[PDB]
Amino acid sequence: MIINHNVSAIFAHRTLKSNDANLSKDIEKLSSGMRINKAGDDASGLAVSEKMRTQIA
Amino acid sequence: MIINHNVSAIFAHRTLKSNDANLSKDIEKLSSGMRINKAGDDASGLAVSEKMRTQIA
Amino acid sequence: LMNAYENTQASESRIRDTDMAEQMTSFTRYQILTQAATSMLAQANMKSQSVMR
Amino acid sequence: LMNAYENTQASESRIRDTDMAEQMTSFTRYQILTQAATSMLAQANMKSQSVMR
Amino acid sequence: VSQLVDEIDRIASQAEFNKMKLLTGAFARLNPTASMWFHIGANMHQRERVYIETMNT
């Protein structure tokens, strides 16, 4: 058995990394109460949302 | 997983700070019954409102 | 004089006084938005304890 | 005088009173690092006995 | 009437959604200038069209 590397441990962390990243964006949306908080979540949606907020005011 | 900084808790508190701010401004209008209480809520409106209060008295 | 007093007071109230029905709406929006981030705040605090095992 | 008391108390509060929500963030963050250090402190004491064989 | 007629003209000219004129005749059947399609499917052609007629005086 190879002891120099642990490809199982390498895989487990890379999976755990993206789950942590996806967990954080869930805390953002729930704490702020909005689906879009930064650019990139929905670029066209944020552009449409702001023009609607423009008219609402 | 980074344990030194909690950027999730940073975002959660930061939004909480702006919500408590808007909440306090709503207590002002509810407790006094007036839409404009300090300058900055509506500068031009407060100007015309006081000129009308001048004419009313 | 009494007529213009009624009109000016009506014009004054339309800019200065608050709509209590509309104001409770925005007040209730922020109060729930406060509880949301507070509950999600405790989630973000407990988040990092996972790797301590 | 009441108006001045309110504004003065606000500015004093914004300087002296703590933000309990932001203060809990650091307390939980520093509490975890203590556990991380205590765990890695125990590892270093066990590191010695490797070559006693 | 001259006031009421102009407001009906005003409504047709100033009715908009997301900066698109709705009541001026863009989405009619006879002589449309644009087509309103609600793409309500996950595939290429799964769309349906909407007609709104001119509503000025």
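Just above sits the structure.
Caption draft 1: Region of interest: the nonpolar core. Counting residues in each nonpolar core, the largest one holds five residues, listed as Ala12 and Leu16 of chain B, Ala37 and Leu41 of chain C together with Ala21 of chain D. Secondary structure elements with two or more residues in this core: helix 1 (7–32) of chain B together with helix 2 (20–46) of chain C.

Caption draft 2: Seen up close, the pattern of salt bridges. According to the stated counting rule, one finds eight salt bridges over all chains in the structure shown. Between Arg35 of chain A and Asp42 of chain A there is a salt bridge, and its shortest N-O distance comes to 3.5 Å. Under the relative-accessibility criterion, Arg35 of chain A is labelled exposed at 54%. Between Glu50 of chain B and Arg16 of chain C there is a salt bridge, with its nearest N and O atoms 3.3 Å apart.

Caption draft 3: Summary view of the environment of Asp17 of chain D. Topologically, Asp17 of chain D is positioned in the loop between helix 1 (2–16) and helix 2 (20–46). On the basis of relative accessibility, which here comes to 49%, the residue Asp17 of chain D falls in the partly exposed class.

Caption draft 4: Region of interest: the interface of chain B and chain C. Between chain B and chain C, the contact holds 29 residues from the first and 29 residues from the second. Here chain B meets chain C over a buried area of about 2,700 Å², counting both sides, of which 66% is carbon and sulfur. On the chain B side of the interface with chain C, the three residues burying the most area are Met1, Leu30 and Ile56 of chain B, jointly 23% of the side's total. Applying the counting criterion to the chain B and chain C interface returns two salt bridges. Residues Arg53 of chain B and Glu12 of chain C are paired through a salt bridge, measuring 3.0 Å at the closest nitrogen-oxygen approach. At the boundary of chain B with chain C, the tally comes to 11 residue pairs in polar contact. Those elements that place two or more of their residues in the side of chain B that touches chain C are helix 1 and helix 2 (43–56) of chain B. The element contributing the most residues to the side of chain B that touches chain C is helix 1 of chain B, with 13 residues. Split by residue class, the side of chain B that touches chain C holds 14 nonpolar, nine polar and six charged.

Cut-off values and rules
Residue labels used throughout are counted from 1 along each chain in written sequence order rather than taken from the entry, whose numbering may differ, and residues without coordinates are not included. Lettering of chains starts at A and numbering of ligands starts at 1, both following the order in which they are written. Each value given relates to the chains shown, not to the larger assembly they are part of. Hydrogens are left out, water is left out, and the side-chain values use all remaining heavy atoms of the structure. Throughout, nonpolar core names a set of buried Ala, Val, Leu, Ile, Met, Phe, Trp, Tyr and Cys residues whose side chains join them through atoms within 4.5 Å. To sort residues, take the accessible area from a 1.4 Å probe on protein chains only and compare it with the maximum for the residue type: under 20% means buried, over 50% means exposed, and anything in between is partly exposed. Each helix corresponds to a stretch of at least 4 residues labelled H or I by DSSP, and each strand to a stretch of at least 2 residues labelled E; elements are numbered beginning at the N terminus. What makes a salt bridge here is a side-chain nitrogen of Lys or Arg within 4 Å of a carboxyl oxygen of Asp or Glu, nothing more. When checking whether two residues touch, look at their non-hydrogen atoms; a contact exists if any pair is within 4.5 Å. Throughout, the accessible surface (probe 1.4 Å) given up by two parts as they are put together, summed over both, is called the buried area. Distance and chemistry together define a polar contact, namely a pair of N or O atoms within 3.5 Å, with one atom able to donate a hydrogen and the other to accept it when in protein, and with adjacent residues in sequence counting only for side-chain atoms on both sides. Three classes are used, and their members are as follows: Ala, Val, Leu, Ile, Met, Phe, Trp, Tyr, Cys and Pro are nonpolar, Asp, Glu, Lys and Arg are charged, and the others, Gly among them, are polar.

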